[PDB]
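Student: Below: one structure in structure tokens.
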Amino acid sequence: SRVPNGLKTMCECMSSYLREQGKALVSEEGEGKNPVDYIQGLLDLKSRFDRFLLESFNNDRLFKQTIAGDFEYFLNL
């Protein structure tokens, strides 16, 4: 947080990991993917990331913005 352009690439890598996890969670390949179990897994990740934000990123606006955009794009995919 002391050096400029640090939170930028931090949130960039966080969003990259979020995209990877999402593409792994909504992977079209596979028929019969329990619809309920799918969202349950995403719910666990979502709550864990919200807890991570308040327990580590001290509720920084940038991190919130990034995770929001990420979720939107991947679920729209």
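Residue numbers for the sequence shown follow the working numbering, so the first one is 71 and each next one is one higher.
All C-beta atoms, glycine included, are put in the ideal place defined by N, C-alpha and C.
(1) Give me the Cβ distance between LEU77 and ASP130, rounded to the nearest whole Å; I'm assuming they're in contact under 8 Å.
(2) The alpha helix (DSSP H) spanning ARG118 covers which residue range?
(3) Please classify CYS81 as buried or exposed, where buried requires at least 16 neighbouring CB atoms within 10 angstroms.
(4) For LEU95 and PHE127, what's the separation of their Cα atoms in angstroms?
Tutor: Let's see:
(1) In the sequence shown, counting from the first residue as 1, residue 77 sits at position 7. In the sequence shown, counting from the first residue as 1, residue 130 sits at position 60. Going by Cβ atoms, the distance from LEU77 to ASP130 rounds to 7 Å, so yes, they are a contact pair.
(2) For the purposes of this step, residue 118 is identified with residue 48 of the sequence shown, where counting begins at 1. That run of the alpha helix (DSSP H) goes 105-125.
(3) The residue labelled residue 81 in the question sits at position 11 within the sequence shown. Its Cβ being crowded by 16 or more others within 10 Å, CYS81 is buried.
(4) To locate residue 95, count along the sequence shown from 1; it is residue 25. To locate residue 127, count along the sequence shown from 1; it is residue 57. C-alpha separation (whole angstroms): 25 Å.
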